[PDB]
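So that the names make sense, note that chain A is the first sequence line, chain B the second, and so on, each numbered from 1. We use all heavy atoms of the structure for the numbers below, so side chains are in, but hydrogens, waters and symmetry mates are not.
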Amino acid sequence: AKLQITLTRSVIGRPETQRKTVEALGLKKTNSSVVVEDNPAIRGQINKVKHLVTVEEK
Amino acid sequence: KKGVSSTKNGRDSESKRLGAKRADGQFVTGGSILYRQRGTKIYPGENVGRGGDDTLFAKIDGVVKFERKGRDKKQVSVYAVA
Amino acid sequence: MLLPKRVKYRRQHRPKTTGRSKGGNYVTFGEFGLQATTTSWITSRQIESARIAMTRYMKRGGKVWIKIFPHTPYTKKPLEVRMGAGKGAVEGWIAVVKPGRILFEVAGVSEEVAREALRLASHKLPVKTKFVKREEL
RNA sequence: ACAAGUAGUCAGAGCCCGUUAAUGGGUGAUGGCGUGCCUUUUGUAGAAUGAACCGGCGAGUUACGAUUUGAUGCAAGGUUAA
RNA sequence: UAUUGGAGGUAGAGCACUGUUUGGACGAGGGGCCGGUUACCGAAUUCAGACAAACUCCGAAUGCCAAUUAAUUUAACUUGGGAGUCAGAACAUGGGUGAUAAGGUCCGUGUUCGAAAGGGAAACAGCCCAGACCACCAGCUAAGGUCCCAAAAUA
RNA sequence: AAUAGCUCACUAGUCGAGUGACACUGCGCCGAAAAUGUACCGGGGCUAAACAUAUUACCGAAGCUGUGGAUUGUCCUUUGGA
RNA sequence: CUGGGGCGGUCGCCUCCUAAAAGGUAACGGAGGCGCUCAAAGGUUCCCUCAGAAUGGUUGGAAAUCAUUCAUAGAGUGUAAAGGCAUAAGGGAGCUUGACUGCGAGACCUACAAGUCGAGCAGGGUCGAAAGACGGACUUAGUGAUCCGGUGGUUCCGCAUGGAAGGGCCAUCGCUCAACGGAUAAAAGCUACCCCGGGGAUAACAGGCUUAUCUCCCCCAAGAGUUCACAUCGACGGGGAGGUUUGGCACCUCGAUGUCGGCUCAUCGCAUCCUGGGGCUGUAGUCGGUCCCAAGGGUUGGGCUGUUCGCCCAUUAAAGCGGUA
RNA sequence: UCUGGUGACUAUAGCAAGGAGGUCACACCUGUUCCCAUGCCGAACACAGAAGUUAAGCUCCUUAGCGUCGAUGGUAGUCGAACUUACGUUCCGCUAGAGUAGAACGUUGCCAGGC
Ligand SMILES: [Mg+2]
Ligand SMILES: [Mg+2]
Ligand SMILES: [Mg+2]
Ligand SMILES: [Mg+2]
Ligand SMILES: [Mg+2]
């Protein structure tokens with residue numbers, strides 16, 4: 001339904017791909033966060049860069 | 001810097017940017033090259049022609065679709081509804 | 001089991017030595033055999049040498065099958081030369097072994113004699129080995 | 001006057017002083033951190049180069065023409081040169 | 001990014017082609033001799049094995065091109081004025097070259113340094129973590145750690 | 001130099017519980033010699049202060065929060081706050 | 001250009017692999033070709049299918065030609081290689097000249113100049129019954145800007161005017177300008193008499209990395225040694241240590257790090273030359289050989305070469321091997 | 001579904017072996033006068049016929065011997081991550097090829113006569 005994503009790891013030292021994905025999710029700085037609606041399109045991006053972020057059911 | 005030792009193979013040509021030029025699903029205008037080749041990796045199909053250089057170009061406007069011919073060949077088609 | 005009689009191209013890119021045995025992992029001809037557990041390049045002089053050792057011990061009793069053939073040529077540049085100016089000339093023929101490959105097969109001789117012969121062969125050889133019997137069951 | 005120091009900073013007792021009065025000035029036992037500056041380089045504490053120290057002097061300006069931008073006239077016209 | 005559609009022949013496998021190869025069947029040619037016999041030797045034909053950057057009956061992962069299209073983001077292109085750059089470096093990974101040498105050399109793909117301070121690695125441009133607008137004698141953590149030097153478990 | 005042959009083929013009995021081999025592994029041992037001074041833990045030192053597998057704390061940055069302050073940009077006008 | 005120059009090789013085009021399954025991608029990397037050829041080896045219409053193999057035979061060097069069933073093309077395609085090809089793009093045969101003129105929507109490539117592919121529209125053809133197909137060779141090399149000069153058209157300009165000389169335009173010719181984006185129409189050398197500006201961007205010295213070579217150590221144990229692998233010595237092979245040699249790399253030093261021998265002075269390692277302790281032995285003791293522990297000390301004087309080294313003459317208990325720019 | 005045309009489909013479609021059959025359709029056939037047929041053959045090609053004949057080509061049925069198709073599961077490889085310098089290890093996706101079962105002796109539109 002609704003989930004919460006926070007950038008827990010830094011984006012320095014990661015390929016441009018992973019940083020672009022992080023840009024697409026709308027996360028700006030380390031430990032920044034956003035709330036978006038559960039959606040296979042969004043899950044595709046979280047799964048691609050799960051090692052930098054974390055999820056919550058909020 | 002060594003001396004007299006010399007090799008008889010330091011030569012090559014300029015590669016030709018062959019291969020695909022359009023994909024399944026995009027609107028090509030007529031004349032658009034779809035696949036520059038040698039011999040026939042892909043034969044022309046509907047509304048597609050064969051250049052002198054084995055080049056494949058659309059006859060008319062439309063979408064492009066790659067398909068199978070028999071058991072191991074490929075052709076190309078163009079369809080106009082747009 | 002020394003050299004290919006002819007090859008098309010004689011200066012070949014060196015072989016990949018990372019992974020597992022594509023095949024030849026079973027005793028097909030022999031009764032007891034010898035497989036490898038590391039990887040190295042095995043040269044013709046080493047194979048010939050391990051063979052003489054094995055077959056001196058068996059005292060011309062039973063048969064032997066060498067399962068590795070030296071196919072790849074290798075190059076070495078002439079001495080005291082700088083870098084560049086082409087590729088060097090062929091110095092020997094090789095055949096890459098990787099963990100699992102059987103290197104020698106034997107039959108028609110008792111088990112202990114075969115094990116001793118393959119032991120003596122193992123020391124003339126640059127790869128860790130293992131004694132194996134014809135897989136059954 | 002038992003100490004190992006690119007010489008500062010930061011933390012601080014003790015001792016003297018008192019201002020452009022403000023949460024003040026001088027010195028600093030002792031602790032923490034800390035290899036000048038320029039040039040040139042992939043990279044310089046560099047044992048690469050340059051300067052002993054102070055002071056003065058010491059390097060993208062001007063003429064004419066083009067191009068572009070800003071500004072200002074007035075506009076199917078605008079403008080004079082000798 | 002999710003979902004469709006497609007070009008291509010790498011990794012891996014495989015021997016159907018070009019070859020490279022180890023054993024075993026099976027009949028036979030010039031020829032041991034008198035066209036000969038038998039050994040063989042040059043192959044034909046099989047069965048089991050294997051090898052390959054310039055082999056492929058096969059064939060991924062991923063990259064790439066595009067969509068009737070979605071969802072999240074915020075760039076993108078055109079014209080004009082001004083440039084600097086053409087000595088790169090190391091790590092990780094796919095390869096050539098060398099000797100499966102080099103802090104080697106030449107490419108591809110990231111990252112970092114260059115042009116990056118801060119914490120860790122004793123010290124240590126390139127490694128790990130992380131990008132410094134300016135205070136504060138506030139708080140939480142990452143990599144690394146918690147007996148003393150030296151903040152934290154002699155858990 | 002013929003040979004001198006006891007003991008583990010072999011067990012009653014000295015007497016009475018065990019004893020060959022095999023794999024596949026976890027951690028060590030040997031192989032192991034170089035030049036000013038320990039000198040191949042940063043030092044002390046460590047039988048855990050090593051290693052493995054869990055668990056729970058805490059420290060740790062100029063990262064990220066907290067409070068105050070610049071300076072630009074985009075919004076609301078909350079002409080002020082975001 | 002160049003793993004410093006020099007010497008050798010190379011320089012433009014096409015094909016293949018390296019190239020990591022789009023495209024692209026480098027090395028003095030691994031392989032080869034081109035500077036043409038075809039008036040049919042072009043266009044079109046209609047026909048036809050191949051190499052080899054045996055069941056084989058007038059020849060039968062074997063297989064020439066001929067025969068017959070299988071032949072996935074294993075053959076041919078003018079040439080290098082790679083993609084293709086029985087729709088045949090392969091092989092005949094008949095007509096033929098499209099190996100057209102004027103162009104081109106669009107696309108590919110791409111710094112530029114160039115290069116590549118084009119449906120279609122006119123003009124006039126060829127072949128075919130027609131539909132159609134044909135702006136060269138199955139595709140991809142077979143090439144060279146400009147300036148200049150020549151030749152043929154055109155009748156555009158042409159210096160008061162009419163002509164003309166000269167230009168312009170269109171067509172074409174003349175380059176191993178091959179160092180192939182071509183400095184000129186025209187060009188080889190030595191400087192130890194050298195000079196200036198630069199560089200550790202780049203060599204000689206040593207420092208650093210590596211350890212191919214080099215010194216030493218080991219492992220396996222055929223074997224020699226009466227017998228006997230293992231007193232000693234150890235082949236074929238295999239694994240290492242060291243950083244003393246010959247090198248490789250080009251990282252500090254060219255606004256200077258004096259380089260070889262000898263002299264003076266040493267200092268440190270031990271893989272020990274003597275001396276001390278031992279295990280051994282194919283050691284009866286003296287003898288020697290081997291291995292282990294050992295670095296405290298000691299470890300000559302001369303002849304010959306600049307020599308280090310090495311040889312030689314006398315001694316000594318020994319006349320050690322290396323690091324230290 | 002017969003029977004003959006003519007598209008369509010990756011041979012699951014095919015090859016072989018066996019067994020039938022002619023519903024006047026198909027062939028083989030029988031001839032060269034003709035249009036024609038050449039190089040080198042009336043073979044072919046063209047044509048004129050129908051006496052013959054299921055013998056073959058053909059069609060229908062059987063059979064997996066061959067060819068073809070081919071999963072599940074496991075494995076190799078690999079995107080990403082975290083360790084690490086090992087000819088590596090772990091976690092997570094994706095996921096071959098070979099082989100094994102099996103599939104399979106085709107379906108099929110239209111047109112014309114059939115029944
Ligand atoms: Mg200085
Ligand atoms: Mg100094
Ligand atoms: Mg000075
Ligand atoms: Mg000078
Ligand atoms: Mg100086």
Query raised in the report: Hey, are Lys128(C) and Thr38(C) close enough side-chain-wise for a donor-acceptor pair under 3.5 Å?
Result: no
Query raised in the report: Does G12(G) have a Watson-Crick or wobble mate here (both distances under 3.5 Å), and if so which one?
Result: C34(G)
Query - Pi stacking test for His13(C) and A53(E): under 5.5 Å apart, planes under 30° - result: yes
Query raised in the report: Under a 4.0 Å N-O cut-off, is there an ion pair linking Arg115(C) with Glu111(C)?
Result: yes
Query - Value rounded to 0.5 Å, distance of NZ in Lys21(B) from CG in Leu34(B) - result: 10.5 Å
Query raised in the report: Using purine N1 to pyrimidine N3 plus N6-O4 or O6-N4 for Watson-Crick, or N1-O2 and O6-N3 for G-U wobble, both under 3.5 Å, which nucleotide pairs with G174(G)?
Result: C148(G)
Query - Closest nucleotide among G80(H), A212(G), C11(G) to the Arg11(B) side chain - result: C11(G)
Requested in this report: Please determine if a side-chain N or O atom of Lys87(C) lies less than 4.0 Å away from the OP1 or OP2 oxygen of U97(E).
Outcome: yes
Requested in this report: Could you check which nucleotide pairs with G52(G) in any of the strands shown, counting Watson-Crick or G-U wobble with both distances under 3.5 Å?
Outcome: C70(G)
Query raised in the report: Expressed in whole Å, how much space separates the P atoms belonging to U116(G) and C14(G)?
Result: 11 Å
Requested in this report: May I ask you to say what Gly49(B) touches in the nucleic acid, namely base, sugar-phosphate or nothing, with a heavy-atom cut-off under 4.0 Å?
Outcome: nothing
Query - Atom pair NE2/NZ of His13(C) and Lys87(C) - distance to nearest 0.5 Å - result: 7.0 Å
Report summary line: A76(H) glycosidic conformation (syn if within 90° of 0, otherwise anti) is anti
Report task. Answer yes if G234(G) and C193(G) form a Watson-Crick or G-U wobble pair with both distances under 3.5 Å, and no otherwise. Result -> no
Query raised in the report: Is the base of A7(D) syn or anti, where syn means the angle lies within 90° of 0?
Result: syn
Query raised in the report: Could you run down nucleotides 1-11 of chain E 5' to 3' and tag each one B, S or - for protein heavy-atom contact under 4.0 Å?
Result: BS--BSSS---
**Report entry** NZ/NE/NH1/NH2 to OD/OE distance under 4.0 Å, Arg119(C) and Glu116(C)
**Finding:** yes
Report task. Could you check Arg51(C), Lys67(C), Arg134(C) and say which one makes a salt bridge (charged side-chain N to carboxylate O under 4.0 Å, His left out) with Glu105(C)? Result -> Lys67(C)
Requested in this report: Inspect the six-membered rings of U299(G) and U300(G) and say whether their centres lie under 5.5 Å apart and their planes under 30° apart.
Outcome: no
Query raised in the report: Which whole number of Å gives the distance between the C1' atom of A66(D) and that of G88(E)?
Result: 40 Å
Query raised in the report: Is any side-chain N or O of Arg119(C) closer than 4.0 Å to OP1 or OP2 of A221(G)?
Result: yes
Requested in this report: Look at the side-chain N and O atoms of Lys8(B) and state whether any lies under 4.0 Å from the OP1 or OP2 oxygen of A31(G).
Outcome: no
Query - Of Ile68(C), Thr129(C), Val96(C), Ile42(C), the residue whose pairing with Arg101(C) passes side chain to side chain contact (heavy atoms under 4.5 Å, CB included) - result: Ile68(C)
Query raised in the report: Looking at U22(E), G238(G), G98(E), which one has an atom nearest to any side-chain atom of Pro126(C)?
Result: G238(G)
Query raised in the report: Between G84(G) and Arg50(B), is there an OP1 or OP2 to side-chain N/O distance shorter than 4.0 Å?
Result: no
Requested in this report: Determine: side-chain N/O of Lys16(B) to OP1/OP2 of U15(G), distance under 4.0 Å, yes or no.
Outcome: yes
Report task. State whether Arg45(C) places a side-chain N or O below 4.0 Å from either non-bridging phosphate oxygen (OP1 or OP2) of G238(G). Result -> yes
Query raised in the report: Which ones in residues 23-34 of chain A lie close to RNA chain F, meaning a heavy atom under 4.0 Å from one of its atoms?
Result: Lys29(A), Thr30(A), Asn31(A)
Requested in this report: Write down the partner of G57(H) under the Watson-Crick or G-U wobble criteria, each distance required to be under 3.5 Å.
Outcome: none
**Report entry** side chain to side chain contact (heavy atoms under 4.5 Å, CB included) evaluation trace for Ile46(A) with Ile5(A)
**Finding:** CA-CA 8 Å; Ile46(A) 279 177; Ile5(A) 345 174; 3.9 Å; yes
Query raised in the report: Under a 3.5 Å rule for both distances, is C100(G) the Watson-Crick or G-U wobble partner of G123(G)?
Result: yes
Query raised in the report: Do any side-chain nitrogens or oxygens of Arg82(C) fall under 4.0 Å of OP1 or OP2 in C249(G)?
Result: yes
Query - Residue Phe69(C), side-chain atoms from C-beta onward, closest of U22(E), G14(E), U112(E) - result: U22(E)
**Report entry** Short side-chain N/O contact from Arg10(C) to OP1 or OP2 of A31(G), under 4.0 Å
**Finding:** no
Query - Separation of the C1' atoms in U283(G) and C313(G), to the nearest angstrom - result: 37 Å
Query raised in the report: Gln12(C) has a side chain; which of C236(G), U87(G), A53(E) sits nearest to it?
Result: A53(E)
Report summary line: Looking only at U68(H), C108(G), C236(G), the nucleotide nearest the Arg71(B) side chain is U68(H)
Query raised in the report: What do you reckon, is CD of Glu37(A) surrounded by more than 12 foreign heavy atoms closer than 6.0 Å?
Result: no
Query - Base pairing of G320(G) with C270(G) (Watson-Crick or G-U, both distances under 3.5 Å) - result: yes
Query raised in the report: Any side-chain N or O of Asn9(B) less than 4.0 Å from the OP1 or OP2 oxygen of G30(G)?
Result: yes
Query raised in the report: For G30(G), does OP1 or OP2 lie under 4.0 Å from any side-chain N or O of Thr7(B)?
Result: yes
Report summary line: With syn meaning chi within 90° of zero and anything else anti, the base of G20(F) is syn
Report task. Could you let me know what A112(H) is paired to, Watson-Crick or G-U wobble, both distances under 3.5 Å, or none if it's on its own? Result -> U3(H)
Query raised in the report: Looking only at atom P, what distance separates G84(E) and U109(E), rounded to whole Å?
Result: 29 Å
Query raised in the report: Is there a Watson-Crick or G-U wobble pair linking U39(D) and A48(D), both distances under 3.5 Å?
Result: yes
**Report entry** Distance test, side-chain N/O of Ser10(A) to OP1/OP2 of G131(E), below 4.0 Å
**Finding:** yes
**Report entry** Under 4.0 Å protein heavy-atom contacts per nucleotide of nucleotides 55-61 of chain F, with B for base, S for backbone only and - for none
**Finding:** -------
Requested in this report: Pick the P atom in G43(D) and in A125(E), then give their distance to the nearest Å.
Outcome: 13 Å
Query raised in the report: Are any of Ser13(B)'s side-chain N or O atoms less than 4.0 Å away from OP1 or OP2 of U15(G)?
Result: yes
Report task. Pick the P atom in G237(G) and in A271(G), then give their distance to the nearest Å. Result -> 31 Å
Query raised in the report: Does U80(D) have a Watson-Crick or wobble partner in any strand here, with both distances under 3.5 angstrom, and which is it?
Result: none
Requested in this report: Could you check which nucleotide pairs with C113(E) in any of the strands shown, counting Watson-Crick or G-U wobble with both distances under 3.5 Å?
Outcome: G88(E)
Requested in this report: Would you indicate what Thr75(C) reaches in the nucleic acid, counting non-hydrogen atoms under 4.0 angstrom: base, sugar-phosphate, or nothing?
Outcome: sugar-phosphate
Requested in this report: Return no unless some side-chain N or O of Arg14(C) is found under 4.0 Å from OP1 or OP2 of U97(E).
Outcome: yes
Query raised in the report: How would you label the contact of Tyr43(B) with the nucleic acid (heavy atoms, under 4.0 Å): base, sugar-phosphate, or nothing?
Result: base
**Report entry** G126(E), syn or anti by chi within 90 degrees of zero
**Finding:** syn
Query raised in the report: Would you call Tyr9(C) stacked on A54(E), i.e. ring centres under 5.5 Å apart with the planes less than 30° off parallel?
Result: yes
**Report entry** Watson-Crick or G-U counterpart of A105(G), or none if no pair lies under 3.5 Å
**Finding:** none
Requested in this report: Would you classify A76(E) as syn or anti? Syn applies when the glycosidic angle is within 90° of 0.
Outcome: anti
Query raised in the report: Does a side-chain N or O from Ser15(B) land closer than 4.0 Å to OP1 or OP2 of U25(G), or not?
Result: yes
Requested in this report: State whether a side-chain donor-acceptor pair under 3.5 Å links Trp41(C) with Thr17(C).
Outcome: yes
Query raised in the report: What is the nucleic acid contact for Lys20(A), judged by heavy atoms within less than 4.0 Å: base, sugar-phosphate only, or nothing?
Result: nothing
